[PDB]
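Residue numbers (PDB author numbering), protein chains in the order written: chain A, 15 to 27, 30 to 43, 53 to 243; chain B, 15 to 27, 30 to 43, 53 to 243; chain C, 15 to 27, 30 to 43, 53 to 243; chain D, 100 to 149; chain E, 199 to 235, 239 to 247; chain F, 53 to 77, 87 to 128, 137 to 268; chain G, 53 to 77, 87 to 128, 137 to 268.
Beta carbons: idealized from backbone N, C-alpha and C, even for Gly.
Each remark here refers to the structure printed beneath this line.
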Amino acid sequence: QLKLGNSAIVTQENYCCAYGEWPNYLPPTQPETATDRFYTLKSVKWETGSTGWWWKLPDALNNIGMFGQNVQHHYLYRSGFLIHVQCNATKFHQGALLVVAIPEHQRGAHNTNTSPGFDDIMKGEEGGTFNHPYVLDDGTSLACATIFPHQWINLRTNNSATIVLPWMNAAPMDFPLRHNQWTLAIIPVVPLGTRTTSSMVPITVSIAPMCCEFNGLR
Amino acid sequence: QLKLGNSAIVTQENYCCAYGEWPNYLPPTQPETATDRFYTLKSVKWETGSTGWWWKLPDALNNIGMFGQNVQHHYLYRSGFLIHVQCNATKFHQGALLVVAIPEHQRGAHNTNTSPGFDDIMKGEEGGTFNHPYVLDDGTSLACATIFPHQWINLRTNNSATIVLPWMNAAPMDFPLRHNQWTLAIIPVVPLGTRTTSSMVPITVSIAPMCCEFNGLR
Amino acid sequence: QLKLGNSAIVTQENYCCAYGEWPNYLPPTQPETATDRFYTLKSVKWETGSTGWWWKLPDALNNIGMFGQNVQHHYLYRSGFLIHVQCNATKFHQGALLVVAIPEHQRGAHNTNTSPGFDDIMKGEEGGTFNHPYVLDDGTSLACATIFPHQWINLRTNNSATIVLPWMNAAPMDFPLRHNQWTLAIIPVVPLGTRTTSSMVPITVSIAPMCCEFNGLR
Amino acid sequence: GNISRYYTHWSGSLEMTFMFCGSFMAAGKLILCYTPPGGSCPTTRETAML
Amino acid sequence: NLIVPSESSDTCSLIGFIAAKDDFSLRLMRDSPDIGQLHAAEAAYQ
Amino acid sequence: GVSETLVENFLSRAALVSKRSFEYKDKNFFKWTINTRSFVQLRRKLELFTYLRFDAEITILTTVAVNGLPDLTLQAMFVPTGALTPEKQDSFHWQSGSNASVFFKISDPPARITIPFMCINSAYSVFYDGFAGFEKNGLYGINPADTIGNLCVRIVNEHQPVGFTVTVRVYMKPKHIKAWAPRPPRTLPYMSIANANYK
Amino acid sequence: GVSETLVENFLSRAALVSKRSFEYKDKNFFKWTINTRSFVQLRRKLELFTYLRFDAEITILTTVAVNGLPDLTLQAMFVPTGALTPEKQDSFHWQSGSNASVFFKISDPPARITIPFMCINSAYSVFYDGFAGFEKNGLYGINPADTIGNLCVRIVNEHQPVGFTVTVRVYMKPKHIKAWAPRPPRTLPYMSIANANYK
Numbered sequence: 015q016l017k018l019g020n021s022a023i024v025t026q027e030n031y032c033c034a035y036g037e038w039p040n041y042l043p053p054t055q056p057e058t059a060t061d062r063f064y065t066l067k068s069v070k071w072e073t074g075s076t077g078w079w080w081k082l083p084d085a086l087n088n089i090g091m092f093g094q095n096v097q098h099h100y101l102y103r104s105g106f107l108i109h110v111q112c113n114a115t116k117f118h119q120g121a122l123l124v125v126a127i128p129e130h131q132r133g134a135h136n137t138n139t140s141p142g143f144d145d146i147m148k149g150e151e152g153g154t155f156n157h158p159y160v161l162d163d164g165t166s167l168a169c170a171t172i173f174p175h176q177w178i179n180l181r182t183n184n185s186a187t188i189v190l191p192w193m194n195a196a197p198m199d200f201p202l203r204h205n206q207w208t209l210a211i212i213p214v215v216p217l218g219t220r221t222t223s224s225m226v227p228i229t230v231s232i233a234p235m236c237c238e239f240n241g242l243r
Numbered sequence: 015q016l017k018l019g020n021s022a023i024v025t026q027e030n031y032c033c034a035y036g037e038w039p040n041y042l043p053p054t055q056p057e058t059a060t061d062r063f064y065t066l067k068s069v070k071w072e073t074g075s076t077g078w079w080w081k082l083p084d085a086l087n088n089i090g091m092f093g094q095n096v097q098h099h100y101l102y103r104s105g106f107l108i109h110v111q112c113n114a115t116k117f118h119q120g121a122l123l124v125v126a127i128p129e130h131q132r133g134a135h136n137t138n139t140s141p142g143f144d145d146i147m148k149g150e151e152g153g154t155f156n157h158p159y160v161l162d163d164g165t166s167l168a169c170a171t172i173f174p175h176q177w178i179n180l181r182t183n184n185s186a187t188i189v190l191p192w193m194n195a196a197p198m199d200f201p202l203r204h205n206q207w208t209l210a211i212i213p214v215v216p217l218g219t220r221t222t223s224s225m226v227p228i229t230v231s232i233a234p235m236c237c238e239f240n241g242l243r
Numbered sequence: 015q016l017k018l019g020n021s022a023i024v025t026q027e030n031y032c033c034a035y036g037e038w039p040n041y042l043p053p054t055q056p057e058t059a060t061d062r063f064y065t066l067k068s069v070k071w072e073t074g075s076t077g078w079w080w081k082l083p084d085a086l087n088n089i090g091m092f093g094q095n096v097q098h099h100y101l102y103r104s105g106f107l108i109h110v111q112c113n114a115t116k117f118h119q120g121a122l123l124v125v126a127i128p129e130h131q132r133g134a135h136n137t138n139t140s141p142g143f144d145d146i147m148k149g150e151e152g153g154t155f156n157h158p159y160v161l162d163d164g165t166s167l168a169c170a171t172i173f174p175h176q177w178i179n180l181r182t183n184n185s186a187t188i189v190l191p192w193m194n195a196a197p198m199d200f201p202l203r204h205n206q207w208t209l210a211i212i213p214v215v216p217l218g219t220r221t222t223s224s225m226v227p228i229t230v231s232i233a234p235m236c237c238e239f240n241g242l243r
Numbered sequence: 100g101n102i103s104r105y106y107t108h109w110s111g112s113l114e115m116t117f118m119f120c121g122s123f124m125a126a127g128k129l130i131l132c133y134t135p136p137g138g139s140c141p142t143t144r145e146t147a148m149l
Numbered sequence: 199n200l201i202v203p204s205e206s207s208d209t210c211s212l213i214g215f216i217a218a219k220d221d222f223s224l225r226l227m228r229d230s231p232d233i234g235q239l240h241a242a243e244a245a246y247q
Numbered sequence: 053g054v055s056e057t058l059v060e061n062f063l064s065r066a067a068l069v070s071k072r073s074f075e076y077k087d088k089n090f091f092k093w094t095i096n097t098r099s100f101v102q103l104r105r106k107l108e109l110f111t112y113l114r115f116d117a118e119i120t121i122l123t124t125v126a127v128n137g138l139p140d141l142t143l144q145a146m147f148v149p150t151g152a153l154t155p156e157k158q159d160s161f162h163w164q165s166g167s168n169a170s171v172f173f174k175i176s177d178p179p180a181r182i183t184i185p186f187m188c189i190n191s192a193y194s195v196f197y198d199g200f201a202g203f204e205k206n207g208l209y210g211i212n213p214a215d216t217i218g219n220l221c222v223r224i225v226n227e228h229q230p231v232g233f234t235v236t237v238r239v240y241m242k243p244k245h246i247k248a249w250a251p252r253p254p255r256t257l258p259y260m261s262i263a264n265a266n267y268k
Numbered sequence: 053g054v055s056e057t058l059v060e061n062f063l064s065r066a067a068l069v070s071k072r073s074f075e076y077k087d088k089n090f091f092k093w094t095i096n097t098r099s100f101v102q103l104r105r106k107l108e109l110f111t112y113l114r115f116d117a118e119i120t121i122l123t124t125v126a127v128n137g138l139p140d141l142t143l144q145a146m147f148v149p150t151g152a153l154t155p156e157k158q159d160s161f162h163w164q165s166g167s168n169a170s171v172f173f174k175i176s177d178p179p180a181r182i183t184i185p186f187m188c189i190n191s192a193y194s195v196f197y198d199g200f201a202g203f204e205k206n207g208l209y210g211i212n213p214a215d216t217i218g219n220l221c222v223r224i225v226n227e228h229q230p231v232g233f234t235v236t237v238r239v240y241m242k243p244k245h246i247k248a249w250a251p252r253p254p255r256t257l258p259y260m261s262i263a264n265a266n267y268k
């Protein structure tokens with residue numbers, strides 16, 4: 015069970033301390058029970074031909090709850106994350122998710138010289154979808170994307186993945202409205218498959234901001 | 015995991033020390058990492074109407090690998106066996122294998138006075154098939170064949186069987202090209218059954234010659 | 015008597033540890058009784074007008090026995106040699122053999138700019154014959170060829186020569202099919218002579234690979 | 100294979116890992132065969148047994 | 199063979215990883231042949 | 053062989069980062094905005110990581126060719150972030166003392182300055198998943214703190230009656246490299262120096 | 053007098069190993094594959110031994126002559150084994166940072182680099198009794214690991230309206246020589262630099 019604040023998760027079937037770092041406070054206000062809670066996002070309809078999904082952080086949580094208020098009222102933030110991705114399948118679904126948390130995922134548009142705009146990057150609660158997940162939509166390789174902190178959801182073995190993100194910045198505190206540190210990237214490497222139905226296994230993303238700090242209240 | 019020599023078996027779901037005897041050396054050359062390895066035979070297509078399969082030892086391994094070279098170059102052999110039979114079914118297949126290792130299985134032909142020839146006995150890697158498995162093809166009874174060393178593969182309970190055969194001879198060393206000590210006999214007592222398909226559960230036989238000795242090199 | 019492995023030599027009439037180095041193992054599989062044996066080559070008909078003979082090692086033993094199998098099945102080798110050359114003459118033959126073991130004997134063709142091919146270098150059990158033994162077939166001098174490890178077979182004094190070759194390479198292990206470390210060069214400096222017959226004194230070469238190592242088995 | 104294209108000489112043990120991504124009921128056997136340098140690649144499964 | 203039930207998919211899949219172990223050594227640095235050939242490349246001089 | 057794979061030994065390499073030939077009779090000088098995004102070979106090494114902390118060791122190498138080679142005196146003033154870059158060869162900003170000018174000749178050994186770590190933050194965000202401007206017109210992937218500065222090079226001499234091309238090769242060697250959060254090596258080719266677009 | 057016969061004192065001698073005059077207006090540069098097999102005087106000293114382990118101390122000496138001598142800047146990039154050699158004077162491989170370039174002038178003292186021991190094996194097989202290729206087309210006497218590299222020298226300057234010949238003398242002085250397994254001195258003359266053919 016993963017109970018932080020008021021929101022709890024009774025998860026029923030393994031932490032990945034991202035780069036071996038547990039999130040601590042800055043050695053500012055510290056909302057410890059107001060924001061440290063699982064802002065469970067909408068579960069995504071994972072079909073067979075789904076390419077992937079990306080949620081930039083804290084862009085995914087700028088509009089949600091007490092953390093969403095403390096973004097649009099404060100000015101800086103300092104907060105690690107704890108992403109609990111759970112992909113509840115039966116014993117008859119197959120597939121593999123690379124639940125990878127990419128720091129500073131500067132995306133790239135396909136086949137144009139124009140940079141991606143504000144609309145193509147800052148999606149929010151709805152999240153994104155990989156246009157070309159083999160290259161992570163930044164020209165790199167999915168095959169080497171395990172260099173980032175990651176866990177595999179192999180539906181043969183597990184349905185869940187828990188990644189504990191630290192404060193990942195050169196700066197001590199940064200913009201939540203402009204800058205997005207991490208990017209929870211869930212990419213189905215092996216696609217979903219079962220013969221009887223073109224099935225769906227919804228992937229629930231629950232992002233608890235660990236150890237929130239804030240400054241600059243207006 | 016069953017790793018002997020270079021060949022390994024990552025078996026994923030209980031030894032039967034045959035007649036309570038672990039194979040030791042003779043109190053000769055002793056190939057300890059050249060031949061002590063799992064010569065995994067071809068998996069046999071087990072349908073519903075399959076009668077059984079028999080592999081005489083070491084006739085099954087006279088043509089395979091470093092043990093197959095050391096049969097056709099040396100003259101005598103002294104070697105126990107370790108047979109790992111695995112019958113990988115789902116939780117929807119039913120059946121029962123008597124994986125029994127019969128010492129000195131002098132077979133008999135049906136309805137003739139002529140003895141079985143060299144072709145009817147020394148099959149090799151391809152193995153044999155019981156023409157009348159109720160009588161073990163030697164006039165005896167399958168019902169009493171548990172007097173030999175045996176394990177049951179009841180697909181309700183287990184998919185594997187491991188039998189550890191000692192040196193079973195009156196002689197200290199004997200012919201590999203003429204004499205066959207043991208006989209791995211896999212007989213489906215309860216046949217395979219499932220309604221949706223006339224299914225197959227392939228039965229993998231892996232015979233590791235334990236504690237090989239040899240003499241008479243030409 | 016020189017008994018290594020199963021092959022023995024009852025030699026009946030002085031080691032030359034080549035560069036003072038006794039062959040040891042690398043501080053890999055180590056065939057200690059399978060390959061450490063005298064692969065006695067064919068005795069060469071030494072007439073009066075014979076120029077010399079050369080056997081590149083281990084090219085001379087790539088087709089012979091357990092060492093010949095472990096060349097054409099493994100990939101690297103590490104093995105010193107022990108060459109016992111014996112030139113069985115009476116007390117009426119005269120002559121002198123420079124039994125010299127030349128490391129890295131890069132030969133040269135006579136009167137052409139083309140390098141020697143695979144056929145002119147990798148002879149095998151049949152060995153070679155010096156086209157110009159005064160210059161060792163590499164432009165150097167026979168007169169200075171005693172800078173290599175060598176023993177003299179002066180038929181006045183001795184009939185035998187035993188050279189103990191170490192592992193002579195910059196590399197720790199090398200190719201047996203492509204590279205030939207040493208070269209047993211037997212050159213009659215003083216030719217054979219007796220008045221009553223144009224006689225022959227056959228020169229038996231016995232090359233025991235000392236301390237064989239191998240890697241890369243296919 | 101991308102960091103060692105910045106470097107000429109590479110010398111060490113690799114480590115493959117094959118993860119199966121079927122259903123939980125799915126059973127079957129595979130036969131992974133490390134083949135060294137030197138000879139022919141195995142084409143039949145019995146050649147790969149050795 | 200591949201044995202799946204009548205509800206699982208007939209097609210399964212394998213993912214293969216590779217890592218180097220701790221004894222992996224590397225030397226004599228050169229350039230990578232992977233990249234090779239930019240828009241607004243002269244904007245650093247503007 | 054575990055020491056040549058150090059990130060200090062992997063990245064500290066004086067690769068060419070800028071090369072512009074300017075005539076003399087940008088107008089008759091050149092400024093080069095110091096980025097690592099210029100050449101595709103050093104960029105892919107530095108796009109292996111997310112956060113870099115390096116002191117650049119800029120070595121300005123000036124050649125010359127006519128149309137007797139003259140012995141000129143050059144200036145290689147480094148304009149940092151915030152200070153103003155010259156628009157002319159004889160502007161007032163060349164005379165600005167607080168900028169780190171270095172005065173060298175063609176016939177000298179090449180001028181070499183060690184530009185320190187000059188980010189506002191503790192490391193250079195090689196990839197910045199954010200926006201510089203506070204409106205929606207701000208460009209993506211440009212950290213406001215990532216700016217090294219500007220390397221502005223002119224010929225200190227007055228006008229000479231010979232017309233001649235001056236080619237300047239700028240070599241950057243990062244020093245004291247601390248690198249954080251490695252990334253996959255980019256497989257697809259680049260499309261621009263400002264962003265990570267792929268084709 | 054037993055100390056001048058040391059192999060360190062016998063072989064560490066800056067003998068000329070390469071000398072090629074290239075014009076300027087191989088096309089207008091030269092690459093030299095670093096072997097000891099070039100001149101017959103240093104080769105016979107080094108063919109006295111079988112295995113050599115030496116660091117080469119390459120000293121590139123560049124002279125110049127017209128048809137006032139211009140003051141040029143040269144590059145003497147050492148392309149190691151595996152890295153690619155330039156085919157043109159202005160190719161991209163001159164800009165490759167990971168190659169060990171050295172930038173010098175004609176009027177400077179001669180450029181001097183110490184190329185390290187760069188065999189894959191523990192010594193240079195001077196004589197290799199084997200074959201490089203894995204087929205029967207592979208050449209005899211060429212160790213794949215014996216390759217030092219390639220010494221590629223160009224003029225960094227652009228085109229100048231004078232036409233002039235540049236003669237470059239490359240002097241190699243082996244250092245820290247460890248030598249194994251001495252051989253007879255070769256008496257017959259050479260026939261090629263690739264092999265030991267005699268006449």
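Does residue i come within less than 9 Å of chain F when only Cβ atoms are used?
i, result
"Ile211 of chain A", "no"
"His109 of chain A", "no"
For residue i and residue j, I'd like the C-alpha separation in whole angstroms.
i, j, result
"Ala233 of chain C", "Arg62 of chain C", "5 Å"
"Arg132 of chain A", "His245 of chain G", "52 Å"
"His157 of chain B", "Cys237 of chain C", "53 Å"
Which of helix, strand or coil does DSSP assign to residue i?
i, result
"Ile146 of chain C", "coil"
"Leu86 of chain A", "helix"
Sorted by chain position, which residues of the same chain lie with C-beta nearer than 7 Å to residue i's C-beta, five sequence neighbours on each side aside?
i, result
"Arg104 of chain G", "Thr97 and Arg98"
For residue i, decide whether its Cβ has a neighbour in chain G, counting only Cβ atoms nearer than 9 Å.
i, result
"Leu226 of chain E", "yes"
"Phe100 of chain F", "yes"
Go to residue i, then tell me how far its beta strand (DSSP E) extends in each direction, as first and last residue.
i, result
"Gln144 of chain F", "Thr142 to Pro149"
Consider the Cβ of residue i: report whether some Cβ of chain C lies at a distance smaller than 9 Å.
i, result
"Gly218 of chain G", "no"
What are the boundary residues of the alpha helix (DSSP H) that residue i is part of?
i, result
"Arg104 of chain G", "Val101 to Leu107"
Spell out whether any CB of chain A is found under 9 Å from the CB atom of residue i.
i, result
"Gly121 of chain D", "yes"
Counting contacts by CB-CB distance shorter than 9 Å, is residue i in contact with chain B?
i, result
"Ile213 of chain E", "no"
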